[PDB]
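Asks: Sending over a structure as structure tokens; questions will come in a sec.
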Amino acid sequence: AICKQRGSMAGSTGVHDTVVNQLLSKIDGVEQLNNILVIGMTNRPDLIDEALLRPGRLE
Amino acid sequence: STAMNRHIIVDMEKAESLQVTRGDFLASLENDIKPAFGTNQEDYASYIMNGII
């Protein structure tokens, strides 16, 4: 629901577009916290951006 | 991880005390099964069912 492909989101820029750019900023973030696992779940994974799904972020 | 799992293993599900180990030619296995490239490639089975006589 919240995360989907940028540039195609409810028009060009998108309303849901800024949350993911924080999420990415934290998960592989510059602080390199090492103590979290994120468990996500969907019925439509193709919508989900590789950029969030790529290894290290979600392996 | 795949190399450990042998030595890893219920109530306890103990982690064994054995310390002499390393992943050896398991990078091949995980290569085959575990990761998506991110750029799709190497899926010609649907194209190649029987190889070539």
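Ligands are numbered from 1 in the order shown, residues from 1 within each chain, and chains are lettered A, B, ... in the order they appear in the structure tokens.
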Output as a list in words the set of chain B residues within 12 Å of chain A, with distances taken over only C-alpha atoms.
Replies: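 Residues of chain B within 12 Å of chain A, counting only C-alpha atoms: residues 34, 35, 36, 37, 38, 39 and 40 of chain B.
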Asks: Write down as a list in words the residues of segment 3-52 of chain B whose backbone DSSP state falls under alpha helix (DSSP H).
Replies: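 Alpha helix (DSSP H) members of segment 3-52 of chain B, listed: residues 3, 4, 5, 6, 7, 8, 27, 28, 29, 30, 31, 32 and 33 of chain B.
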Asks: Within 10 Å of residue 28 of chain A, counting only C-alpha atoms, which residues qualify if same-chain residues fewer than 6 places away don't, as a PyMOL selection string?
Replies: chain A and resi 34+52+55-58
